[PDB]
Amino acid sequence: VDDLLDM
Amino acid sequence: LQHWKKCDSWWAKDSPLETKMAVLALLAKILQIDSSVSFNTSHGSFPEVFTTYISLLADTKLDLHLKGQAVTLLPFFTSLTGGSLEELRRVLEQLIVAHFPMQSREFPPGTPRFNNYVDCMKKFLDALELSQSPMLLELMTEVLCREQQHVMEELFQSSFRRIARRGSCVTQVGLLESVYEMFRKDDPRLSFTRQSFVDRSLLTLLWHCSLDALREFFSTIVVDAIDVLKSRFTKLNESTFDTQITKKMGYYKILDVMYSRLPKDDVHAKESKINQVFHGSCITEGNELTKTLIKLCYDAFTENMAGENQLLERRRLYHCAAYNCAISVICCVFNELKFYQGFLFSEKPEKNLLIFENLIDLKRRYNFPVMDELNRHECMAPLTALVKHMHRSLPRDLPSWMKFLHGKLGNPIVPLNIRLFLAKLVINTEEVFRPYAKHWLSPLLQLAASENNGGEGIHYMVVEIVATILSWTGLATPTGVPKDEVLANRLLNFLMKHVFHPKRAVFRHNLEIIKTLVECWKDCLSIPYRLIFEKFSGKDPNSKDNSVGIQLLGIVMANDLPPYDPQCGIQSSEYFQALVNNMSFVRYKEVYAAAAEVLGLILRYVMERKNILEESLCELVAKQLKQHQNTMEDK
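Each protein sequence line maps, in turn, to chains R and A.
With our numbering, letter number 3 in the first sequence gets 419, and the count goes up by one each step, no holes.
With our numbering, letter number 78 in the second sequence gets 79, and the count goes up by one each step, no holes.
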């Protein structure tokens, strides 16, 4: 879910 | 004001008391026509009048009205003053410690001491408003912030709004700096008081500070909270660290209110005024340091909750704070429904909504008050706003992560506290939520069908579920789907079993739910007629309590007349006899006559459906009325 974070 | 040596013939410690009041009125008026053009701005014998207070504020022989008026002179005596502030501060310190307690529960109101105390507080707000001054604002807040809701702080809050509206950005920087530096610094005090510093003063001012250069405060300070939020986790080694969950908590609570107010053109544009998370010297093109640092909220969502802690309430509302902040940054900057979804709704098994909520509060309803009673909990207003906004900014994948989470987890795998919290976000949002009701109802009505909701019989939560459910019927129209039937049967049996209330106006309302719950919404009934007999048939000459089964049979009649007593384990030869026999209980009108009112509809049914029982029920009725004809001509 770290890629729903960031961009 | 020029005759100031002759004026010093008054103000003596030995002065007549009415004239100790009367002298103040002249200088109190003079500065209102003069506007401080002499004896104020480092001019005249100002040091002499200003040091005369050292003799006056030291007296003991007083009511609070010499002192009460004296504090009302301060708005002028420290307008624009760059010094002698320590001369004022030490007499304010000696005044506040003597005259006002540490807690207001010292007094019942109408005792003279309390009426005088609240008047000193009025005169200080009268002083604050047209001082516009950071010195007084600081000194006031530390008199307020000692317990919650104790001096009717809702009157005090008005002064903060009033100075936040009418003033310059440079004076407001002075206000905001002084209250921030008070909150920021870590000189040792109670954590509860330490929260109330931001929560019940600073924050109230932020919401009402002027539209332009409010950014000047946040752009000056932003590095501090960001550098604070990134550490301390290896130092939770003693209890005094509640003073620290407080700092991270407040530091979330002084920026969500700045994502609030502020323009989209400063927070997401080619030019990043607030580029100060980094040095900002090179990052001036475009803003994204927000989505660099959402990681901080992420930690505040997804910490795997501790096995044996003893600060869980402060943990809980900390997790809430950063969740509000995640709302506030996302609903401004991260404009895609893909990033409104984001991490914000989509967790790995350290799931959000399981963390924000206390798991032992019985959290019961009251159908009889005096929503913002227990909807008064955190996040609820923000989440109604979040969904309401994006409903104007357009799908099942968003609620799939919610409705089917609380729905498929009918088990204790979520506690009831979680399910009701999810359900509250439905109830207040039906008009925002109509399109998905078809598959939402299986979860949502399963909740009201579940054997416990905390309701001792019917309670306001089941009333809200069943009202929302019915309210969907026109567009949604769920009937005959395989689970709907076996749940509706459990609803009707419960709604009817507990229908009674000691208060007639409430009982009449429970009954009116049934009327629409059948006739607008179910063929799928299996009407609970085996109950209905017991709800009327128990004989006693002074029973009122037969009457409910009369009224209730009147509901199961009036819905275009379903049949009565099909195969329900009871005998027509006994059942109808009692239902007539009720009209012998002539002590109360609603007991006897209402049975006849029902029966005059039963004949109209059975005769027009052409069934044989009117050959007997007409004889049951006729047999009983004859007993009145010979004995009770009026009845």
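Think of the CB as a built atom: it goes at the ideal place given N, C-alpha and C, for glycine as much as any other residue.
Kindly list the residues whose CB is nearer than 6 angstroms to the CB of residue i, restricted to its own chain and excluding five residues on each side of it in sequence; keep chain order.
i: residue 660 (chain A); result: For residue 660 (chain A) there is no data in the structure shown, the boundaries of chain A being 2 and 636.
i: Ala489 (chain A); result: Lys523 and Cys525
i: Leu137 (chain A); result: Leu129
i: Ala323 (chain A); result: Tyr253, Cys298 and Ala301
i: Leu562 (chain A); result: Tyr606
i: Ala597 (chain A); result: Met584
i: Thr291 (chain A); result: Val330 and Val334
i: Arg588 (chain A); result: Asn543
i: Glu351 (chain A); result: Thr303 and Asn305
i: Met558 (chain A); result: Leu602
Please identify the residue among the options whose C-alpha is closest to the C-alpha of residue i.
i: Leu618 (chain A); options: A:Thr632, A:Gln578, A:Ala596 and A:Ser585; result: A:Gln578
i: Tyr367 (chain A); options: A:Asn359, A:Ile361, A:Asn376 and A:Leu360; result: A:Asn376
i: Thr194 (chain A); options: A:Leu363, A:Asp243 and A:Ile97; result: A:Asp243
i: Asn353 (chain A); options: A:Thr303, A:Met497, A:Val171 and A:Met558; result: A:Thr303
i: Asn543 (chain A); options: A:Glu88, A:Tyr593 and A:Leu553; result: A:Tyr593
i: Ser160 (chain A); options: A:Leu177, A:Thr205, A:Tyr118 and A:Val180; result: A:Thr205
i: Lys68 (chain A); options: A:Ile97, A:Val427, A:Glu351 and A:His44; result: A:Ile97
i: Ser46 (chain A); options: A:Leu65, A:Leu75 and A:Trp5; result: A:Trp5
i: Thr478 (chain A); options: A:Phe501, A:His440, A:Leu496 and A:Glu452; result: A:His440
i: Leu177 (chain A); options: A:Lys292, A:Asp257 and A:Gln133; result: A:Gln133
i: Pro483 (chain A); options: A:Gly458, A:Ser443, A:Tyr461 and A:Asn454; result: A:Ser443
i: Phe219 (chain A); options: A:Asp60, A:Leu256, A:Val500 and A:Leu493; result: A:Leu256
i: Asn583 (chain A); options: A:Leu318, A:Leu89 and A:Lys536; result: A:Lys536
i: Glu182 (chain A); options: A:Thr52, A:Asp120, A:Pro135 and A:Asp213; result: A:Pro135
i: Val258 (chain A); options: A:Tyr319, A:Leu230 and A:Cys333; result: A:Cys333
i: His44 (chain A); options: A:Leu2, A:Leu518 and A:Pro503; result: A:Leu2
i: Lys186 (chain A); options: A:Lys249, A:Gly287, A:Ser232 and A:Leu445; result: A:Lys249
i: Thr221 (chain A); options: A:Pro264, A:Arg262, A:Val174 and A:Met372; result: A:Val174
i: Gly555 (chain A); options: A:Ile603, A:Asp566 and A:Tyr576; result: A:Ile603
i: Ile31 (chain A); options: A:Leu74, A:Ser16, A:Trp11 and A:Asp541; result: A:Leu74
i: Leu471 (chain A); options: A:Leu27, A:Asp566, A:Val487 and A:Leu446; result: A:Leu446
i: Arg162 (chain A); options: A:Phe340, A:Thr61 and A:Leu131; result: A:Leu131
i: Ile428 (chain A); options: A:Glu575, A:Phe346 and A:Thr469; result: A:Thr469
i: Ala23 (chain A); options: A:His66, A:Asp60 and A:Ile34; result: A:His66
i: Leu230 (chain A); options: A:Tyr565, A:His460, A:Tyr319 and A:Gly84; result: A:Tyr319
i: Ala506 (chain A); options: A:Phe369, A:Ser197 and A:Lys339; result: A:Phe369
Shorter than 8 angstroms from the beta carbon of residue i to some beta carbon of chain R?
i: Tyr299 (chain A); result: yes
i: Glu304 (chain A); result: no
i: residue 1 (chain A); result: For chain A, the structure presents residues 2 to 636; residue 1 (chain A) sits outside this window and is missing.
i: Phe344 (chain A); result: yes
Please return the same chain residues whose Cβ sits closer than 8 angstroms to the Cβ of residue i, not counting the five positions on each side in sequence.
i: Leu355 (chain A); result: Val415 and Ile419
i: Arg201 (chain A); result: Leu145, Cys146, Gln149 and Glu154
i: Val224 (chain A); result: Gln277 and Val278
i: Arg531 (chain A); result: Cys569, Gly570 and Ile571
i: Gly308 (chain A); result: none
i: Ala71 (chain A); result: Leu25, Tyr54, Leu57 and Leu58
i: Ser37 (chain A); result: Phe77, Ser80 and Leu81
i: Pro529 (chain A); result: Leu493, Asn494, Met497 and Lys498
What do you get for residue i, buried or exposed, if any count of 16 or more other CB atoms within 10 angstroms of its CB means buried?
i: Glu465 (chain A); result: buried
i: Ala449 (chain A); result: buried
i: residue 637 (chain A); result: Any answer about residue 637 (chain A) is impossible in this case: the structure gives chain A only from 2 up to 636.
i: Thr235 (chain A); result: exposed
i: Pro400 (chain A); result: buried
i: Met103 (chain A); result: exposed
i: residue 652 (chain A); result: One cannot answer for residue 652 (chain A) here, as it falls past the ends of chain A, which runs 2 to 636.
i: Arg315 (chain A); result: buried
i: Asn631 (chain A); result: exposed
In chain order, what residues of the same chain lie with their CB nearer than 7 angstroms to the CB of residue i, ignoring the 5 residues before and after it?
i: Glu591 (chain A); result: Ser548
i: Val50 (chain A); result: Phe40
i: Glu139 (chain A); result: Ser179, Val180 and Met183
i: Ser192 (chain A); result: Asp243, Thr244 and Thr247
i: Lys425 (chain A); result: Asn376 and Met381
Taking 7 angstroms as the cut-off, does the CB of residue i come closer than this to any heavy atom belonging to the ligand ATP?
i: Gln149 (chain A); result: In terms of ligand content, the structure shown is empty, and the ligand ATP therefore cannot be addressed.
- Task: For the region 275 to 300 of chain A, enumerate the residues whose C-beta is nearer than 7 angstroms to any C-beta of chain R, in chain order.
- Result: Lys292, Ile295, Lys296 and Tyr299
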